[PDB]
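Next up: just one chain, as structure tokens, the form deposited without uridine-5'-monophosphate.
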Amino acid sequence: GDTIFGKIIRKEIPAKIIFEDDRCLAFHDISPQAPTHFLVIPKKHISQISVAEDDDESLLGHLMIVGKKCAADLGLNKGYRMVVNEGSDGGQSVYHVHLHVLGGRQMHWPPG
């Protein structure tokens, strides 16, 4: 879409890509908050989870299954945290839906 994540999807700027298929992309976060911190994003430009449609359900779930598989591939056998931010209170940094996966350290509570 019209965000930096759109540019990454279109391969116009670099990112360290972990996995790709026909409908999503996983890549390491440029500002990592844990020893392992990556994103899984849909190629479809959904700007934020609050405007996702019902028929996007399987796609959103796909982001989580891809996140699961990438986490295992990156050796996160002790677990991890998945995060989706919505809007200003959620601290959403880019208006393209993205699933964070963080691990490689103890995650704490509250989650921000």
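From 1 onward, residues are counted along the sequence shown.
Keep in mind that the form solved in complex with uridine-5'-monophosphate is not shown, yet the notes after this line are about it.
- Counting atoms of uridine-5'-monophosphate, placed from its pose in the deposited bound form by superposing the C-alphas round the site, that lie within 2.4 Å of this form's backbone or C-beta atoms gives 3 or more, so the site is blocked.
- A heavy atom within 4.5 Å of uridine-5'-monophosphate in the deposited bound form is found for one listed residue only; from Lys78, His28, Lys44, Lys69, this is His28.
- Three-residue candidate spot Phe19, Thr36 and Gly104; no residue lies within 4.5 angstroms of uridine-5'-monophosphate in the deposited bound form by any non-hydrogen atom.
- Among residues of the shown chain, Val94 is one whose heavy atoms approach uridine-5'-monophosphate to within 4.5 Å in the deposited bound form.
- Heavy atoms of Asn85 reach within 4.5 Å of uridine-5'-monophosphate in the deposited bound form, making it an interface residue.
- Contacts between stretch 51-83 and uridine-5'-monophosphate, counted in the deposited bound form as any heavy atom lying within 4.5 Å, involve no residue at all.
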